[PDB]
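Chain letters run A, B, ... following the sequence lines, proteins first and then strands; every chain starts at 1. In what follows, every heavy atom counts, from backbone to side chain, and hydrogens, waters and symmetry copies are set aside.
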Amino acid sequence: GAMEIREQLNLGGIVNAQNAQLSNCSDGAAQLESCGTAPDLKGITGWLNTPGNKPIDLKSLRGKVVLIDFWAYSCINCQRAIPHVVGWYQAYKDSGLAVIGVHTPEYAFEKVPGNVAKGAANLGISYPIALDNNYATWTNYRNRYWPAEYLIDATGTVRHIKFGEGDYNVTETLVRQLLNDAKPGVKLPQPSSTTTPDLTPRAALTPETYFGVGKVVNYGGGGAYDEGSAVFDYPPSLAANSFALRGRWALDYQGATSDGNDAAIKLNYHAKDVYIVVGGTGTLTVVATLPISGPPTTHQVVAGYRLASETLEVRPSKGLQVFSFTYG
Amino acid sequence: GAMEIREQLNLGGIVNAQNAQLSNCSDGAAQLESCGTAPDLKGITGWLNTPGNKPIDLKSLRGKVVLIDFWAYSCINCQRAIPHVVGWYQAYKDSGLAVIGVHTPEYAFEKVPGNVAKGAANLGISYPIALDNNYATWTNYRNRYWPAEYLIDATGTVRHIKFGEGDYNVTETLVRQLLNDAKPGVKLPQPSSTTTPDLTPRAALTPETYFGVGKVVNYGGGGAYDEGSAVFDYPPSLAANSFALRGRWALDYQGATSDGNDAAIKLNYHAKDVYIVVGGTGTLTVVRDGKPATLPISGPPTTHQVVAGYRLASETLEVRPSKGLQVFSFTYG
């Protein structure tokens with residue numbers, strides 16, 4: 001529990017000499033703010049989309065407007081936001097905009113450079129990517145949400161910080177203002193939002209449904225949910241926005257691996273679209289069948305007509321590991 | 001870290017049969033929403049402002065619109081928000097509005113019935129107060145912040161949930177709508193917002209500055225900050241929105257107690273007003289821009305304003321608490 005003023009940035013981690021002024025900015029303000037020199041990009045385990053995959057020091061970007069975008073490739077929220085970021089990079093890179101996609105992993109499989117690179121290609125990311133496998137940059141920036149953006153002006157000062165998915169036009173308007181501050185009289189094309197649709201869902205979807213023993217918050221099944229294998233069964237009645245298991249499953253801090261060939265998952269949700277984050281090679285049947293292979297990622301299992309309360313069952317073939325259910 | 005859609009309620013605790021649909025509401029929506037029957041008010045250790053101090057069961061309030069208001073008496077955000085709630089209670093009680101202030105304590109001293117009562121008296125609260133000393137209700141409601149509000153319609157269904165300070169008119173508008181839904185044609189006085197000013201600060205103040213060993217996030221003195229008594233000194237340079245200690249101090253998980261006649265705190269903050277939550281009996285000496293002030297400290301621990309600025313800005317100040325005074329935090333306005 002904490003006190004909060006609406007629109008206040010809910011920063012994580014602690015205060016150090018580099019990030020002490022970040023709290024001087026609010027969460028996604030419509031007007032430019034000023035909250036200190038951008039903290040260093042540190043502990044980056046590797047880079048992508050840069051010459052010889054060499055690192056980029058923010059100080060080398062002075063003179064340009066810089067947008068720091070925190071993401072994770074399997075994150076559905078990030079998947080919906082990134083197209084807007086790609087559009088901005090495309091529209092403004094030749095006008096003074098630099099973009100750095102800081103990839104801070106939510107899961108272990110997101111620490112694999114190859115999986116990340118594959119995810120980026122699918123999203124059309126061409127801008128530099130910094131792998132934040134030790135959460136050093138995420139922590140230095142006092143972030144706590146996916147997606148998250150920090151907008152830096154040409155002098156290296158943070159002028160806008162936005163946590164969460166949505167409100168693209170607010171941010172693009174400030175990016176345009178800063179490009180002009182950096183290069184007075186600069187001529188820019190019409191806003192990228194003109195041709196990039198805002199597909200942000202109403203913010204009342206089922207909470208991210210984790211299967212990791214240590215993160216689980218909505219397992220509506222009777223009875224314990226600890227590590228190791230065991231045989232589960234659906235309860236007489238499952239709570240709304242909750243899930244239950246049927247069959248043999250193996251549970252660990254990462255997720256739930258389908259064991260027996262009878263394993264099944266029942267889910268009561270509230271959304272329009274449903275996605276499952278699964279790893280491994282196998283087949284996934286939903287009550288339709290879907291082949292599962294390659295780097296773990298989101299697989300859409302529900303493409304609804306509208307946002308409403310519904311139920312669905314998923315049968316992961318043995319071997320398939322479920323990390324969570326995300327929504328849209 | 002977690003995923004988030006802006007305006008999404010960042011609920012806490014786990015999902016149970018009573019609160020499973022709360023996530024169906026967004027954070028402070030301007031239109032009515034529907035997110036399940038209101039969870040039970042669980043494990044309340046005491047009640048104030050009810051006949052015989054007896055408990056209130058939400059089911060007994062069916063037919064009335066019910067506003068659940070989570071607060072803590074020493075919370076400055078809550079202190080600024082409550083006058084709005086008091087205004088609503090006074091304006092709508094006779095039109096069908098029931099209000100319950102669930103007092104979930106942030107500090108141990110806030111669990112004391114008498115301290116809460118005095119805090120409530122100072123704030124003009126005359127509506128029922130439920131002491132949530134074991135956080136049972138806070139948890140059943142999956143709340144995460146002070147202040148927080150849950151608006152329940154006459155059928156006992158939650159239709160609005162708002163976390164944090166601000167946006168009073170959005171909520172009052174829904175309260176009026178629900179009062180009409182409960183009693184179609186009901187006549188209401190003009191909105192309380194008409195006579196109650198919105199004094200919500202810009203949302204860019206120094207974060208709540210805790211002195212508790214397990215909560216501290218902006219101690220810039222450098223070195224160890226563990227529980228026990230020790231001698232401190234100010235660092236060569238103190239970072240913005242941070243504090244440092246000088247002199248002897250005794251630290252624990254509740255706060256920092258002055259343990260000498262030389263104890264002092266230096267604070268770099270970004271706000272207009274500054275308050276210190278402190279307990280014990282003694283005197284507090286504060287110096288801002290070369291101007292000192294002496295403050296007598298006694299009675300229930302609570303907020304004491306140490307700075308009344310003219311505008312929001314980055315500033316520094318020093319506080320020297322007589323030995324024995326316990327500093328819990330610095331909060332802002």
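- Counting only heavy atoms from C-beta outward, the side chains of B/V175 and B/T173 never approach each other to under 4.5 Å.
- Among residues two or more places apart in sequence or in another chain, the disulfide (SG to SG under 2.5 Å) test is passed with A/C78 by none.
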### Message
Go through it in stages, so that I can follow the logic: the residues are A/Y168 and A/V170, the test is side-chain contact (heavy atoms from CB on, under 4.5 Å), and I'd like the CA-CA distance, side-chain angles, deciding distance and then a yes or no.
### Response
CA-CA 5 Å; A/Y168 301 103; A/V170 172; over 6 Å; no
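- Using modelled atom types and a 3.5 Å distance limit, the side chains of A/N77 and B/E4 yield no donor-acceptor pair.
- Between atom CD1 of residue B/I82 and atom NE2 of residue B/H84 there is a gap of 11.0 Å, rounded to the nearest 0.5 Å.
- Looking only at atom types and distance, the side chain of B/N268 has no donor-acceptor partner in the side chain of B/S242 under 3.5 Å away.
- In this structure, the separation between OG on B/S193 and CG on B/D198 is 9.5 Å, given to the nearest 0.5 Å.
- Legend: side-chain hydrogen bond (donor to acceptor under 3.5 Å, both in side chains) pairs involving residues 108-121 of chain B, not counting sequence neighbours, sorted by first then second residue: B/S74-B/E110.
- Considering every non-hydrogen atom in both A/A17 and B/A239, the closest pair reads CA-CB, 4.3 Å.
- Exactly one residue among A/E33, A/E7, A/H160 makes a side chain to side chain donor-acceptor pair (under 3.5 Å) with A/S26. That residue is A/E33.
- Between the CG atom of B/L11 and the CD atom of B/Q8 there is a distance of 8.5 Å, given to the nearest 0.5 Å.
- Of all non-hydrogen atoms in B/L325 and B/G282, the two that sit nearest each other are CD2-N, 3.7 Å.
- A heavy-atom distance below 4.5 Å is found between the side chains of B/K266 and B/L238.
- In this structure, the side-chain hydrogen bond (donor to acceptor under 3.5 Å, both in side chains) partners of A/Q18, at least two apart in sequence or on a different chain, are A/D40, A/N140.
- Side-chain contact check for A/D69 versus A/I100: every heavy-atom pair is 4.5 Å or farther apart.
- Of the possible donor and acceptor atoms, none in the side chain of B/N241 sits under 3.5 Å from a partner among the backbone N and O of A/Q21.
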### Message
Determine whether B/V307 and B/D273 satisfy the following criterion, side-chain contact (heavy atoms from CB on, under 4.5 Å), listing intermediate values before the conclusion.
### Response
CA-CA 5 Å; B/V307 178; B/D273 300 312; 5.7 Å; no
### Query
Stepwise, does the side-chain hydrogen bond (donor to acceptor under 3.5 Å, both in side chains) test hold for B/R80 with B/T200?
CA-CA 7 Å; B/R80 292 190 295 258; B/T200 309; over 6 Å; no
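- Rounded to the nearest 0.5 angstrom, B/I276 CD1 and B/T209 OG1 are separated by 10.5 Å.
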### Task
Take B/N143 and B/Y135, measure what side-chain contact (heavy atoms from CB on, under 4.5 Å) needs, and give me the verdict at the end.
CA-CA 10 Å; B/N143 183 37; B/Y135 323 101; over 6 Å; no
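- Between B/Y150 and B/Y141, the ring planes lie perpendicular to each other; the angle is over 60°, past the 30° to 60° tilted range.
- In terms of the side-chain hydrogen bond (donor to acceptor under 3.5 Å, both in side chains) criterion, B/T285 has no residue partners (sequence neighbours excluded).
- Between the side chain of B/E172 and the backbone N or O of B/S192 there is at least one donor-acceptor pair closer than 3.5 Å.
- Not counting sequence neighbours, A/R142 has no partner by the salt bridge (charged side-chain N to carboxylate O under 4.0 Å, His left out) test.
- For the side-chain contact (heavy atoms from CB on, under 4.5 Å) test, residues two or more places apart in sequence or in another chain that qualify with B/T303 are B/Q79, B/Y275, B/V277, B/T331.
- Considering CD of B/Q31 and CG of B/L174, their distance stands at 7.5 Å, rounded to 0.5 Å.
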### Message
Checking B/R144 against B/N10 for the side-chain contact (heavy atoms from CB on, under 4.5 Å) test, could you report, in this order, the C-alpha distance in whole Å, the side-chain angles of both residues, the deciding distance, and whether it holds?
### Response
CA-CA 7 Å; B/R144 174 190 293 288; B/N10 294 310; 4.2 Å; yes
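- Here the side chains of B/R288 and B/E315 are in contact, with some heavy-atom distance below 4.5 Å.
- Ring planes of B/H103 and B/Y73: parallel class, angle under 30° (limits at 30 and 60°).
- Residues passing the side-chain hydrogen bond (donor to acceptor under 3.5 Å, both in side chains) test with B/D132, sequence neighbours excluded: B/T104.
- Taking the side chain as every heavy atom from C-beta outward, B/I76 and B/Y332 never approach each other to under 4.5 Å.
- At least one side-chain heavy atom of A/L32 sits less than 4.5 Å from a side-chain heavy atom of A/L178.
- Residues B/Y234 and B/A244 share a closest heavy-atom pair of CE2-O, 3.7 Å.
- Heavy-atom minimum distance, B/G255 versus B/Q326: N-NE2, 4.2 Å.
- Scored by the side-chain hydrogen bond (donor to acceptor under 3.5 Å, both in side chains) test, B/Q90 finds no partners at all (sequence neighbours excluded).
- Remark: B/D27 does not engage B/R6 in a salt bridge, criterion side-chain N to carboxylate O under 4.0 Å.
- Under the salt bridge (charged side-chain N to carboxylate O under 4.0 Å, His left out) criterion, B/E106 pairs with no residue, sequence neighbours left out.
- In summary, the aromatic rings of B/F330 and B/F211 are positioned with their centroids under 6.0 Å apart.
- Atoms CZ and OG, on B/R248 and B/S229 in that order, are 3.0 Å from each other to the nearest 0.5 Å.
- Residues passing the salt bridge (charged side-chain N to carboxylate O under 4.0 Å, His left out) test with A/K162 are A/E149, sequence neighbours excluded.
- Among residues at least two apart or in separate chains, salt bridge (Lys or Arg N to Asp or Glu O under 4.0 Å) pairs with a member in residues 221-240 of chain B are B/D233-B/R246.
- Remark: B/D252 engages no residue in a salt bridge (charged side-chain N to carboxylate O under 4.0 Å, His left out) (not counting sequence neighbours).
- Contact detail for B/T137 and B/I44: the closest heavy-atom pair is OG1-CD1, 3.2 Å.
- Minimum heavy-atom separation, B/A271 to B/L312: CA-CD1, 3.1 Å.
- Side-chain contact check for A/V66 versus A/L58: some heavy-atom pair is nearer than 4.5 Å.
- Outside the 6.0 Å centre-distance limit, the rings of B/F70 and B/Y145 are not counted as a close aromatic pair.
- In this structure the side chain of B/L22 never reaches within 4.5 angstrom of the side chain of B/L9, judged on heavy atoms.
- By the 30° and 60° cut-offs, the orientation of the rings of B/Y225 relative to B/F243 is perpendicular.
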